[PDB]
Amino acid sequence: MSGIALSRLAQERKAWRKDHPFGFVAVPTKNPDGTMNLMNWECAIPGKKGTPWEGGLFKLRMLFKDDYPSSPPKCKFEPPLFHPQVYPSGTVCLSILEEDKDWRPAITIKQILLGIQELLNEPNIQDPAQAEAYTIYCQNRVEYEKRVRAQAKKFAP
C-alpha cells in the first residue's frame, strides 16, 4: 500500500528532471522487470567548490518507506564516508532527515541533497554518528582535513 508514496515520488522525479543543482544526480533504480523502482534512488553529491571536498563525487542511496512522506527517506553513502555525521554503515544524519526533529512531509529531495552537501564541510559536531571522524576532527583539525582531501581525491569522477 505504497500508492501515496509512489504518487509523490513520481512528481519529485518530474520536478528533479525539470530542474536540479548542477553536478548532482538523483535517479530511481530499476526493478528486475525494467520498470522504475521509485522507492530506491541512486544519487550523487558533488563536493562544494572552495572546500576540501571539491572535486569529489559522493554516491549515496535514498530509500523511501511505504509511509513516505510521513517519514523521511534513509540516506546512505555507498561506500561509507569519513565524516563525523556519517555512521560506519554509511547512514547520514541531518535534522531534516529525522521524523522526530525537522522532517516535514513537504521537504524535497533537492533540499535533502543540498542539506547533505552543506553538512560535508560544515559538520555539526554536537552529536556525532561515528567515533573515528569525530575524534580526529577534535584532536587534530589539520589531520582531519588531510583525510578529507584524500577521500575527495579518491572519489573524484
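Heads up: residue numbers just count along the shown sequence, starting at 1.
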property	result
21 to 29 set against 5 to 13, stretch whose average Cα temperature factor tops the other in the entry	21 to 29
Higher-B stretch (mean Cα B-factor, as the entry records it), 107 to 115 or 93 to 101	93 to 101
Lowest, middle or highest third - CA B-factor, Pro69	lowest
CA B-factor ranking of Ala133, expressed as a third of its chain	lowest
Cα B factor band for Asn124 (lowest, middle or highest third within the chain)	highest
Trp53, C-alpha B-factor rank within chain (lowest, middle or highest third)	highest
